[PDB]
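Reading through the C-alpha cells given below for one structure.
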Amino acid sequence: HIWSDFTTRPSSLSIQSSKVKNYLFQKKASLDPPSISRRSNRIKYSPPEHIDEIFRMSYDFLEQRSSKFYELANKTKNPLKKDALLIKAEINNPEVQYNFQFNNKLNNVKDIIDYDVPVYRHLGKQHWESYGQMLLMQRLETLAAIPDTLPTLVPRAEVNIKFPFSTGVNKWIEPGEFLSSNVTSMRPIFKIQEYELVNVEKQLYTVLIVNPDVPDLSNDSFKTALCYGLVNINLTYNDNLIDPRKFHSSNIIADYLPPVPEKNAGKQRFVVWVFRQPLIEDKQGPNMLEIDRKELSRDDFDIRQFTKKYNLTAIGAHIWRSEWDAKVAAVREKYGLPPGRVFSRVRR
Amino acid sequence: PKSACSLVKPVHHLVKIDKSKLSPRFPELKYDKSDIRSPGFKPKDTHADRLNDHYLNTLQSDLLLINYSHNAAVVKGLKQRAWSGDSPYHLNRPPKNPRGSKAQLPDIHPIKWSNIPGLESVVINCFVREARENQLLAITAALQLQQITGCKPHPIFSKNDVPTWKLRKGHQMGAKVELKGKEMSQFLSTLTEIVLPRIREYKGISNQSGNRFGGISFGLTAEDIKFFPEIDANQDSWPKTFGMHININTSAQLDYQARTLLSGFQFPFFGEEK
Amino acid sequence: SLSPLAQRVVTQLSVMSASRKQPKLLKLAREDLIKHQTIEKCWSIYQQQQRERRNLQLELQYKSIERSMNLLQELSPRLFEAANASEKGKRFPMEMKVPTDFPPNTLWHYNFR
Amino acid sequence: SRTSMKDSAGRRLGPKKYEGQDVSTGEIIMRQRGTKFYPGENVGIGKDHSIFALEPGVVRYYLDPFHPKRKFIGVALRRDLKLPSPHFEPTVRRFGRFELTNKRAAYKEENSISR
Amino acid sequence: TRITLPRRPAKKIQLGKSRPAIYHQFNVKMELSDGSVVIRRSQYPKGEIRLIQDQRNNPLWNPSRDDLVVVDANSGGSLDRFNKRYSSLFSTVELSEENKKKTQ
Amino acid sequence: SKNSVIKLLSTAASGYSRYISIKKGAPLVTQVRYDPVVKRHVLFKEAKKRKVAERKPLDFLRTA
RNA sequence: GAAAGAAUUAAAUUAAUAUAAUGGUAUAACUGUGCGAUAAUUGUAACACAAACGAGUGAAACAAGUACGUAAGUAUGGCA
RNA sequence: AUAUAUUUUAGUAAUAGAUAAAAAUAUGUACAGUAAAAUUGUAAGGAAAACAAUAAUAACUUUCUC
Ligand SMILES: [Mg+2]
Ligand SMILES: [Mg+2]
Ligand SMILES: [Mg+2]
Ligand SMILES: [Mg+2]
Ligand SMILES: [Mg+2]
Ligand SMILES: [Mg+2]
C-alpha cells in the first residue's frame, strides 16, 4: 500500500477533501456524491451498480504496479529516468487524476496541483499540448510571426500574458487578439510555466516583446522595434509569475513603451518571445550575462542577431495585435512621444 | 469565386494542428467513442467469448506448428515493372503493369509467432432480386439480418441498370451487415452448431472457394435461414425468408490457411482443393 | 389508408428504429467518472499483459521449432524432409469441438469406430 | 451536302509578360486554360486562371520544392532577389503608403472614420 | 408498377448526439442434442430452448461415434405412422427373409 | 421561353427594386439584399401575384 | 518481441466535373458533411489582355452591408 | 380481484455516421476523404444484379512485455 503512504510522497498526491476521499474509497454505497450540492439532486442521482468493489480491485492492481515502479525508481540514478519512472508510478492514481482534472492548472494551488511533482508536470504538459500549444502555433503561423521574427519555434513552455495595471480588469490575452491602446497602455505581466526537467537553481530566462511592423520610409518597407526587454530572470515550477515584484532595474534592458500605431499604417503585431540562457557547468550560481546597451538598437532591432550573439534558445511565445484608435494620441502624450504620423488610405 | 486553384501554404513548424480541438463546435464529438462521456458510448466487453478463448488457448499453437516451414522466405507478389533505361523516352514514363495482372498483388511472409491466421470479420450479403417489384422485402431482409446477427443492418441500393433483369438504379434491393468480435463469434457458433447440421444435404464448403488472399465465402437459402432460433420461435412472423451470402475475412496470407482455421472452428470441407 | 402488409412491415421497421426506445443519456458524477476511468485502465493493462504472455509463449515455441529443425536436419535428412513435408490440405478433427459453458451427459467417449 | 466551315477564332492565350520584365499592380502575366502555371507570391489568379501581379516588381518563372510537378509565376520586389525565396527568412514586404505631410490632408485623414 | 411506402422527413441526428443501437437481448439458454448447454444473446422473449436435431447428433460432425440415432419433429405430419400402422411385423426376421430373390 | 421575369420590391418603403428570372412554376421568391436608399440589407418580395405551383406540406408531426 | 497511432512512399486525374472538345484538377477544381442560403449584394473602378470602331476579358484598391470561420481569412454566381 | 374519476402510454416510419463514388439542393463558407477498371470468390446469379479481398513499413511516438 504505497499510495496510502506519505512519508516521502508529496502531500499533493491526495484529495484534500475528506468527503470526496471517503466517497471515492467508500466500502458500501451508503454515502452520496459531494459534487451534487443539492440534496434533491443527490436523491435523484443513482450511481452505476456494482462499481465500488470493481473500483477497489482495480485500485489494488494499479497500486501494485505503482509500487513496482517506485521500487525501480528508488534505484535508478539518471535524473531523466528517475522522473520518467515517477511519472509512470503516479500517472494512474485516482487522486492525482481527480486533482488535475477538476482543479485549476494555470493559477494552480500548491496543495492540489504541485508542479514540483513529475506526474503533475507531465499531466500539465499533456493538457497544454492538447489545446493551448496548437492554438499558439496556428496563430503564429497564420499571422506570419515565425518567419518575420524568428525562423521557427519548438514550444516547450506555456506563456500567458496579462495587462493588470492598465485598466483593472483581469483577463489572460488570447493569442492574436486585438487590444485597445488603453488596454495595452501600461505594462504586460508574464507567466512562464515550464514542464521539462530544468535546474531551477541555475537557469535564467529572458523575455523580448518586438513589433516587426513599424513602417520605414527610407526603403518603403517595414522594420522591427524592441517594445520590451528583460534579462536574467529566474522562475520556479510553482512561482513563475513575472511582474515588477520579481525583477529589478538591472534586469530591464529596454523599459516598456506602449503599442502606438499610426493612422492607416496597418495592423501591427506585437510578439513575445521567451528564451533560456546558456547553462554553464563546473560553476556555482546562476550565470548572468551583460547586454551591450550601447549596441542595442531599440528602434532598428535585429532579433536573430541578438539571439545568435547571446546564444539564446526560444522555448515559448505569445502574440497580440494593435491598430490605431482615438486613445493613441493620449498615450503618446502620456509617454512623451512625438505626435503620430498620418499615412494615406490607398497603397499606391 | 475569383478562382479554382487549390494550393496549400507551407508551414514553419513541426507541431501537428487538428482543428477539431480548436473549434468550440461539436463538444461531444471530441470524446472518443470509448469514453463514458461520449453519447456514442457502448460497452464492449460484457462477457467471455468461447470461440475466441478456444482459438487463443488451442488453435494458435497448432496453427503455428502446422504452418511452420524451415528457413522459409518471403515470396514477393506481382508488382509494377520498371522500364529499362536503354531509351531516353523511358525517363518519365509511368511504370508497367504487373506481368499477368492489371492490379498489384501482396507478398506472402512466412508464418511466425506474430502473424498466425485468425478471423477478422464476417460480412453477410442479402440481395433480394424480387425486391425490384416490392420495396418492403428489403425491410423484411434487414429484419432477418438483425434477428439472426443482432447488429444494425445497412441497406443495399441498386447501382446498375440491367433491362433483361428489370433492375433499375437507386432502389433498395436488400441489406448487409458486418460482424466483429463476440458478435461474429456468436454468429459462427450458432451457424455451425444449429443451422448447418439442419440442412438437407450438406457436405461442407467448397475447397475451391474464396479470394486468393484469405477469405472464404458460402451461401444459404431461405429454407436454411428458417433453421435459426429466432425464425423458428416465431414462424408466424416469417411468411417469407431470404437467403444470403456469408463472407469470412481472416488474417490468412493464403486461402488454405484460412480453410485450416475454419476447420478448427468446425466448418466442413468437401470439394477437391486447388 | 394502408394495407395489412404495410402495417406488418411498418412494425418490422419499428423494431428497426430507435424512436421511442432509448433511455436517457448516462450522466455520471465526477467521482464515478474517475472510478470508471480507473476500471478501464486496469482492464486495458490486464488484457495487454495477457496478450503479451501469449505472444511470448508463441515466440518460445517457434524458437523451439527452429532449434529442433536444425538438429534434425543435421542428424537425419530423411526424417527432416518427412517433417518439413507440407500439410497444405490439413484439417482439424471434427470432434475437437469448441468448449461450451456446461458439460454434456456423456463427458467422454471410450469407444470409437 | 453540309460544308464544314465553322470554327472559332484563336484565343490569344500565352505569356503576356516575360521573365525579367517590370510589372505594376493588376497587369496580366499569363492567360491560360487551367493552371499550367500556378501563382507564386505577390501574384494572384483570376476566374479564367489569369495570373496578375499584386505588387510592382519583376516577373520571375520558377519551381518550388514544396510543390513538385508545378510551375510557378511570381513577382520579386527587387531585381536582385531570387524569387524562390528562402523559407525561414522574413518575407519581403512593401509598405506602399506615403506620409501626409500636408496639414490639411493629415487633418482630413485623422477625422475620417468608418460608418 | 412498384409498391413502396412513402419516406417521411428524416429526423436530424446531430453530430455528437448520435447514440449506438443496443437492441434488447436476453441471456437465453440453448440445449444441444446432448446434455450440453450454451448461453447466448437472443432478441426473442424465450429464455430457454432445446434442440432435437443439431451438431451433436449429425454424422458429418460426429464421425468417430459408432451409434448415432436420428430424429425429427413430433406430432407433425404422418411421420412414424408407416410403422405404427403395421404391428404384426416387428424388429431380424425380415432381414433373414430378405436373403435373395433367385431371379435371372 | 420556359423562364419568366419578376420584379422583387424592397420591404422598406423606399421604392427600390431588383429584377430576377424564375421558372414558370417555381415557389415565390424572397431574398435579403442591399437597399442603397436605406443603406442596409433588407428583404425583397414579389411585386405582383403569380400562379405558383402547389407542393404538399411535409409529413412532420406524424399523421394517422 | 507485440499492439495502437501518426503517417510516409509508389500508383492514380483512365472514375468524377451540369452540358461538346480542349486545357486543368488528388495540394483536388471530384466526393461526403455542419452551418447557411449569405457575395446569384451597393457607389467609384486604376491597370492590363484583346482590339479599326462598337463591343469583349482578368482585376488590384477605397467605401456600405451580409454569410461562414476559433482564427487566418473566403465569397461581387457555377474549374475555364 | 372488481366498480368509477383523473392522468400516462400506443399515431408504432428507415439516416445513430461530420455519413464519403446507389438516387435526391448545380450558388457561400468550414472540416474531412479518394476514385475507376481488372482479377479471385460467393444462394438463386449466368458476360452482365449485390458483398468481400487484391502495393511497401525503413524511420518517429504512446502502451505492454522478455
Ligand atoms: Mg480555336
Ligand atoms: Mg462546372
Ligand atoms: Mg479531360
Ligand atoms: Mg498589345
Ligand atoms: Mg477599345
Ligand atoms: Mg464550387
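By order in the C-alpha cells, chains are A, B, ...; within a chain, residues start at 1; ligands start at 1, following the order shown.
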
Cut-off 8 Å, only C-alpha atoms (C1' of nucleotides) and all ligand atoms, neighbours of ligand 6 as a PDB file with C-alpha atoms (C1' of nucleotides), in the first residue's frame:
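Dumped everything to out-v2.pdb:
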ATOM      1  CA  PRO B   1     -15.454  32.745 -56.757  1.00  0.00           C
ATOM      2  CA  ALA B   4     -10.467  27.485 -58.628  1.00  0.00           C
TER       3      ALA B   4
ATOM      4  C1'   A G  29     -11.372  22.368 -59.088  1.00  0.00           C
ATOM      5  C1'   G G  78     -21.026  27.891 -61.488  1.00  0.00           C
TER       6        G G  78
END

Exercise. Taking only C-alpha atoms into account, which residues of chain A are within 7 Å of chain B, as a ChimeraX atom specification?
Worked result: /A:131,134-135,141,146,152-153

Exercise. Which polymer residues have any atom within 7 Å of an atom of stretch 44-53 of chain D, counting only C-alpha atoms (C1' of nucleotides), with same-chain residues fewer than 2 positions away left out, as a PyMOL selection string?
Worked result: (chain B and resi 2-3) or (chain D and resi 24-35+39+42+55+75) or (chain G and resi 58+80)

Output N, CA and C atoms (P, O5', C5', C4', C3', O3' and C1' of nucleotides) for every residue in that selection, as a PDB file, in the first residue's frame.
ATOM      1  N   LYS B   2     -13.389  33.941 -57.183  1.00  0.00           N
ATOM      2  CA  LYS B   2     -12.359  34.515 -58.035  1.00  0.00           C
ATOM      3  C   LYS B   2     -11.605  33.441 -58.804  1.00  0.00           C
ATOM      4  N   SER B   3     -11.405  32.270 -58.207  1.00  0.00           N
ATOM      5  CA  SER B   3     -10.582  31.266 -58.865  1.00  0.00           C
ATOM      6  C   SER B   3     -10.860  29.890 -58.288  1.00  0.00           C
TER       7      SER B   3
ATOM      8  N   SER D  24       3.531  46.270 -62.905  1.00  0.00           N
ATOM      9  CA  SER D  24       2.797  47.038 -61.916  1.00  0.00           C
ATOM     10  C   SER D  24       1.597  46.231 -61.439  1.00  0.00           C
ATOM     11  N   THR D  25       0.822  46.826 -60.540  1.00  0.00           N
ATOM     12  CA  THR D  25      -0.305  46.123 -59.946  1.00  0.00           C
ATOM     13  C   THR D  25      -1.384  45.861 -60.988  1.00  0.00           C
ATOM     14  N   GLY D  26      -1.907  44.637 -60.993  1.00  0.00           N
ATOM     15  CA  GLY D  26      -3.026  44.270 -61.824  1.00  0.00           C
ATOM     16  C   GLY D  26      -2.667  43.792 -63.212  1.00  0.00           C
ATOM     17  N   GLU D  27      -1.445  44.041 -63.668  1.00  0.00           N
ATOM     18  CA  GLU D  27      -1.065  43.643 -65.013  1.00  0.00           C
ATOM     19  C   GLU D  27      -1.160  42.133 -65.160  1.00  0.00           C
ATOM     20  N   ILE D  28      -1.588  41.692 -66.335  1.00  0.00           N
ATOM     21  CA  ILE D  28      -1.778  40.278 -66.618  1.00  0.00           C
ATOM     22  C   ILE D  28      -0.461  39.698 -67.109  1.00  0.00           C
ATOM     23  N   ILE D  29      -0.043  38.594 -66.498  1.00  0.00           N
ATOM     24  CA  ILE D  29       1.246  37.975 -66.779  1.00  0.00           C
ATOM     25  C   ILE D  29       1.066  36.772 -67.693  1.00  0.00           C
ATOM     26  N   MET D  30      -0.041  36.056 -67.532  1.00  0.00           N
ATOM     27  CA  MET D  30      -0.264  34.823 -68.266  1.00  0.00           C
ATOM     28  C   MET D  30      -1.757  34.629 -68.462  1.00  0.00           C
ATOM     29  N   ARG D  31      -2.135  34.165 -69.648  1.00  0.00           N
ATOM     30  CA  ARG D  31      -3.504  33.778 -69.949  1.00  0.00           C
ATOM     31  C   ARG D  31      -3.497  32.331 -70.407  1.00  0.00           C
ATOM     32  N   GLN D  32      -4.324  31.507 -69.773  1.00  0.00           N
ATOM     33  CA  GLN D  32      -4.206  30.066 -69.908  1.00  0.00           C
ATOM     34  C   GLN D  32      -5.557  29.416 -69.670  1.00  0.00           C
ATOM     35  N   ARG D  33      -5.669  28.164 -70.102  1.00  0.00           N
ATOM     36  CA  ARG D  33      -6.815  27.322 -69.790  1.00  0.00           C
ATOM     37  C   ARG D  33      -6.375  26.371 -68.691  1.00  0.00           C
ATOM     38  N   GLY D  34      -6.941  26.536 -67.509  1.00  0.00           N
ATOM     39  CA  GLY D  34      -6.470  25.803 -66.360  1.00  0.00           C
ATOM     40  C   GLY D  34      -5.169  26.379 -65.859  1.00  0.00           C
ATOM     41  N   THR D  35      -4.610  25.712 -64.855  1.00  0.00           N
ATOM     42  CA  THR D  35      -3.386  26.174 -64.209  1.00  0.00           C
ATOM     43  C   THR D  35      -2.208  25.370 -64.747  1.00  0.00           C
ATOM     44  N   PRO D  39       0.180  30.422 -59.321  1.00  0.00           N
ATOM     45  CA  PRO D  39       0.665  31.696 -58.794  1.00  0.00           C
ATOM     46  C   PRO D  39       1.637  31.476 -57.650  1.00  0.00           C
ATOM     47  N   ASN D  42       3.218  37.482 -54.394  1.00  0.00           N
ATOM     48  CA  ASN D  42       2.966  38.801 -54.951  1.00  0.00           C
ATOM     49  C   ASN D  42       2.187  38.727 -56.253  1.00  0.00           C
ATOM     50  N   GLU D  55       1.689  43.395 -56.703  1.00  0.00           N
ATOM     51  CA  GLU D  55       2.607  44.452 -56.318  1.00  0.00           C
ATOM     52  C   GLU D  55       3.499  44.791 -57.498  1.00  0.00           C
ATOM     53  N   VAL D  75       6.279  37.529 -58.678  1.00  0.00           N
ATOM     54  CA  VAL D  75       6.828  38.871 -58.821  1.00  0.00           C
ATOM     55  C   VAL D  75       7.783  39.119 -57.666  1.00  0.00           C
TER      56      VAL D  75
ATOM     57  P     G G  58     -14.014  38.020 -66.932  1.00  0.00           P
ATOM     58  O5'   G G  58     -12.566  38.248 -66.320  1.00  0.00           O
ATOM     59  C5'   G G  58     -11.654  37.171 -66.193  1.00  0.00           C
ATOM     60  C4'   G G  58     -10.316  37.628 -65.672  1.00  0.00           C
ATOM     61  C3'   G G  58     -10.338  38.427 -64.387  1.00  0.00           C
ATOM     62  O3'   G G  58     -10.515  37.632 -63.233  1.00  0.00           O
ATOM     63  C1'   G G  58      -8.924  39.492 -65.924  1.00  0.00           C
ATOM     64  P     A G  80     -15.883  27.874 -63.712  1.00  0.00           P
ATOM     65  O5'   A G  80     -14.810  28.102 -64.861  1.00  0.00           O
ATOM     66  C5'   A G  80     -13.853  29.142 -64.767  1.00  0.00           C
ATOM     67  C4'   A G  80     -13.010  29.225 -66.009  1.00  0.00           C
ATOM     68  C3'   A G  80     -13.768  29.418 -67.307  1.00  0.00           C
ATOM     69  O3'   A G  80     -14.107  30.772 -67.533  1.00  0.00           O
ATOM     70  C1'   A G  80     -12.174  27.696 -67.572  1.00  0.00           C
TER      71        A G  80
END

For this session: Check every protein, DNA and RNA residue against ligand 4, keep those with an atom at most 10 Å away (counting only C-alpha atoms (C1' of nucleotides) and all ligand atoms), and present them as a ChimeraX atom specification.
Result: /D:16 /G:48-51

Might you pull out every residue within 10 Å of residue B:59, with only C-alpha atoms (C1' of nucleotides) counted and same-chain residues fewer than 2 positions away left off, and present them as a PDB file with N, CA and C atoms, in the first residue's frame?
ATOM      1  N   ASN B  52     -13.364 -17.263 -29.257  1.00  0.00           N
ATOM      2  CA  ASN B  52     -12.091 -16.564 -29.142  1.00  0.00           C
ATOM      3  C   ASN B  52     -11.193 -17.234 -28.116  1.00  0.00           C
ATOM      4  N   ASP B  53     -11.756 -17.632 -26.975  1.00  0.00           N
ATOM      5  CA  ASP B  53     -10.949 -18.289 -25.952  1.00  0.00           C
ATOM      6  C   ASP B  53     -10.374 -19.596 -26.469  1.00  0.00           C
ATOM      7  N   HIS B  54     -11.183 -20.378 -27.181  1.00  0.00           N
ATOM      8  CA  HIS B  54     -10.704 -21.631 -27.750  1.00  0.00           C
ATOM      9  C   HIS B  54      -9.582 -21.384 -28.747  1.00  0.00           C
ATOM     10  N   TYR B  55      -9.746 -20.382 -29.610  1.00  0.00           N
ATOM     11  CA  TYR B  55      -8.723 -20.094 -30.607  1.00  0.00           C
ATOM     12  C   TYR B  55      -7.425 -19.645 -29.949  1.00  0.00           C
ATOM     13  N   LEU B  56      -7.519 -18.816 -28.906  1.00  0.00           N
ATOM     14  CA  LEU B  56      -6.322 -18.362 -28.205  1.00  0.00           C
ATOM     15  C   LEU B  56      -5.664 -19.481 -27.409  1.00  0.00           C
ATOM     16  N   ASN B  57      -6.453 -20.416 -26.875  1.00  0.00           N
ATOM     17  CA  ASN B  57      -5.897 -21.433 -25.992  1.00  0.00           C
ATOM     18  C   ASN B  57      -5.287 -22.594 -26.763  1.00  0.00           C
ATOM     19  N   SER B  61      -1.242 -22.210 -31.242  1.00  0.00           N
ATOM     20  CA  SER B  61      -0.036 -23.032 -31.219  1.00  0.00           C
ATOM     21  C   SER B  61      -0.062 -24.082 -32.321  1.00  0.00           C
ATOM     22  N   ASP B  62      -1.202 -24.752 -32.491  1.00  0.00           N
ATOM     23  CA  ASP B  62      -1.303 -25.784 -33.513  1.00  0.00           C
ATOM     24  C   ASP B  62      -1.111 -25.198 -34.902  1.00  0.00           C
ATOM     25  N   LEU B  63      -1.711 -24.038 -35.171  1.00  0.00           N
ATOM     26  CA  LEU B  63      -1.558 -23.415 -36.480  1.00  0.00           C
ATOM     27  C   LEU B  63      -0.115 -23.003 -36.726  1.00  0.00           C
ATOM     28  N   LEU B  64       0.541 -22.432 -35.715  1.00  0.00           N
ATOM     29  CA  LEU B  64       1.954 -22.096 -35.852  1.00  0.00           C
ATOM     30  C   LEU B  64       2.760 -23.327 -36.237  1.00  0.00           C
ATOM     31  N   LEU B  65       2.578 -24.418 -35.493  1.00  0.00           N
ATOM     32  CA  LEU B  65       3.327 -25.634 -35.781  1.00  0.00           C
ATOM     33  C   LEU B  65       3.021 -26.154 -37.180  1.00  0.00           C
ATOM     34  N   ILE B 116       0.039 -15.292 -36.932  1.00  0.00           N
ATOM     35  CA  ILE B 116      -0.763 -16.510 -37.094  1.00  0.00           C
ATOM     36  C   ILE B 116      -2.129 -16.134 -37.656  1.00  0.00           C
ATOM     37  N   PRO B 117      -2.722 -16.942 -38.533  1.00  0.00           N
ATOM     38  CA  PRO B 117      -4.040 -16.596 -39.068  1.00  0.00           C
ATOM     39  C   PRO B 117      -5.107 -16.548 -37.986  1.00  0.00           C
ATOM     40  N   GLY B 118      -6.111 -15.713 -38.221  1.00  0.00           N
ATOM     41  CA  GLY B 118      -7.246 -15.619 -37.328  1.00  0.00           C
ATOM     42  C   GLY B 118      -8.373 -14.873 -38.000  1.00  0.00           C
ATOM     43  N   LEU B 261      -7.994 -23.004 -40.556  1.00  0.00           N
ATOM     44  CA  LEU B 261      -8.512 -22.284 -39.394  1.00  0.00           C
ATOM     45  C   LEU B 261     -10.009 -22.533 -39.210  1.00  0.00           C
ATOM     46  N   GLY B 264     -10.733 -25.880 -37.944  1.00  0.00           N
ATOM     47  CA  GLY B 264     -10.586 -25.834 -36.499  1.00  0.00           C
ATOM     48  C   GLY B 264     -11.841 -25.332 -35.813  1.00  0.00           C
ATOM     49  N   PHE B 265     -12.455 -24.289 -36.365  1.00  0.00           N
ATOM     50  CA  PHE B 265     -13.768 -23.847 -35.889  1.00  0.00           C
ATOM     51  C   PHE B 265     -14.910 -24.749 -36.348  1.00  0.00           C
TER      52      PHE B 265
ATOM     53  N   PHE C  92      -8.667 -30.010 -39.056  1.00  0.00           N
ATOM     54  CA  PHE C  92      -8.744 -30.450 -37.675  1.00  0.00           C
ATOM     55  C   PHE C  92      -9.784 -31.553 -37.512  1.00  0.00           C
TER      56      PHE C  92
END

Exercise. Quick one: distance from atom CA of residue A:99 to atom CA of residue A:113 in Å, one decimal?
Worked result: 6.5 Å

For this session: List all protein, DNA and RNA residues that have any atom at most 8 Å from ligand 2, counting only C-alpha atoms (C1' of nucleotides) and all ligand atoms, and write the list as an MDAnalysis selection string.
Result: chainID G and resid 17:18 78:79

Kindly save the residues from that selection, with N, CA and C atoms (P, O5', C5', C4', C3', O3' and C1' of nucleotides) included, as a PDB file, in the first residue's frame.
ATOM      1  P     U G  17     -19.892  13.724 -63.673  1.00  0.00           P
ATOM      2  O5'   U G  17     -19.297  15.184 -63.481  1.00  0.00           O
ATOM      3  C5'   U G  17     -19.398  15.826 -62.218  1.00  0.00           C
ATOM      4  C4'   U G  17     -18.474  17.008 -62.095  1.00  0.00           C
ATOM      5  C3'   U G  17     -18.798  18.186 -63.010  1.00  0.00           C
ATOM      6  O3'   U G  17     -18.759  19.414 -62.287  1.00  0.00           O
ATOM      7  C1'   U G  17     -16.532  17.519 -63.297  1.00  0.00           C
ATOM      8  P     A G  18     -20.129  20.172 -61.920  1.00  0.00           P
ATOM      9  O5'   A G  18     -21.146  19.729 -63.064  1.00  0.00           O
ATOM     10  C5'   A G  18     -22.137  18.739 -62.830  1.00  0.00           C
ATOM     11  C4'   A G  18     -23.215  18.774 -63.885  1.00  0.00           C
ATOM     12  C3'   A G  18     -22.742  18.719 -65.329  1.00  0.00           C
ATOM     13  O3'   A G  18     -22.542  17.385 -65.758  1.00  0.00           O
ATOM     14  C1'   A G  18     -24.386  20.421 -65.057  1.00  0.00           C
ATOM     15  P     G G  78     -18.272  31.911 -60.980  1.00  0.00           P
ATOM     16  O5'   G G  78     -18.868  30.438 -60.900  1.00  0.00           O
ATOM     17  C5'   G G  78     -18.672  29.629 -59.744  1.00  0.00           C
ATOM     18  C4'   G G  78     -19.411  28.320 -59.849  1.00  0.00           C
ATOM     19  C3'   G G  78     -18.837  27.326 -60.852  1.00  0.00           C
ATOM     20  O3'   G G  78     -19.086  25.997 -60.406  1.00  0.00           O
ATOM     21  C1'   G G  78     -21.026  27.891 -61.488  1.00  0.00           C
ATOM     22  P     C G  79     -17.920  25.118 -59.750  1.00  0.00           P
ATOM     23  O5'   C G  79     -16.630  25.492 -60.594  1.00  0.00           O
ATOM     24  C5'   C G  79     -15.566  24.568 -60.736  1.00  0.00           C
ATOM     25  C4'   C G  79     -14.333  25.223 -61.300  1.00  0.00           C
ATOM     26  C3'   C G  79     -14.500  25.935 -62.631  1.00  0.00           C
ATOM     27  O3'   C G  79     -15.034  27.239 -62.510  1.00  0.00           O
ATOM     28  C1'   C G  79     -12.621  24.533 -62.737  1.00  0.00           C
TER      29        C G  79
END

For this session: DSSP on the backbone, then: every residue of stretch 105-228 of chain B marked helix (DSSP H, G or I), written as a ChimeraX atom specification.
Result: /B:129-132,136-149,182-198,222-225

Problem set entry | Interface list for chain G, partner chain E, 12 Å threshold, only C-alpha atoms (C1' of nucleotides), as a list in words |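 Selected residues: residues 33, 34 and 35 of chain G.
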
Please produce an output containing C-alpha atoms (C1' of nucleotides) for each residue in the selection, written as a PDB file, in the first residue's frame.
ATOM      1  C1'   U G  33     -20.603  16.537 -44.227  1.00  0.00           C
ATOM      2  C1'   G G  34     -22.258  21.202 -40.252  1.00  0.00           C
ATOM      3  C1'   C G  35     -23.890  25.995 -40.620  1.00  0.00           C
TER       4        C G  35
END

Exercise. Atom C1' of residue G:76 to atom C1' of residue H:26: how many Å, to one decimal?
Worked result: 19.6 Å

Can I get the residues close to ligand 1 as a CSV table (one decimal) with N, CA, C and O atoms, in the first residue's frame, where close means within 8 Å and we count only C-alpha atoms (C1' of nucleotides) and all ligand atoms?
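The resulting selection_2.csv:
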chain,number,residue,atom,x,y,z
D,7,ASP,N,-15.6,27.5,-87.3
D,7,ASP,CA,-14.6,27.4,-86.4
D,7,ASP,C,-14.5,28.7,-85.6
D,7,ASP,O,-15.1,29.7,-86.0
D,8,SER,N,-13.9,28.6,-84.4
D,8,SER,CA,-13.8,29.8,-83.5
D,8,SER,C,-12.4,30.4,-83.6
D,8,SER,O,-11.4,29.7,-83.7
D,9,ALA,N,-12.3,31.7,-83.6
D,9,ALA,CA,-11.1,32.4,-83.7
D,9,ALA,C,-10.1,32.1,-82.6
D,9,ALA,O,-10.6,31.8,-81.4
D,10,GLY,N,-8.8,32.0,-82.9
D,10,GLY,CA,-7.9,31.6,-81.9
D,10,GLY,C,-7.9,32.5,-80.6
D,10,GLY,O,-7.8,33.8,-80.7
D,11,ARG,N,-8.0,31.9,-79.5
D,11,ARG,CA,-8.0,32.7,-78.2
D,11,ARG,C,-6.5,33.1,-78.0
D,11,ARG,O,-5.6,32.3,-78.0
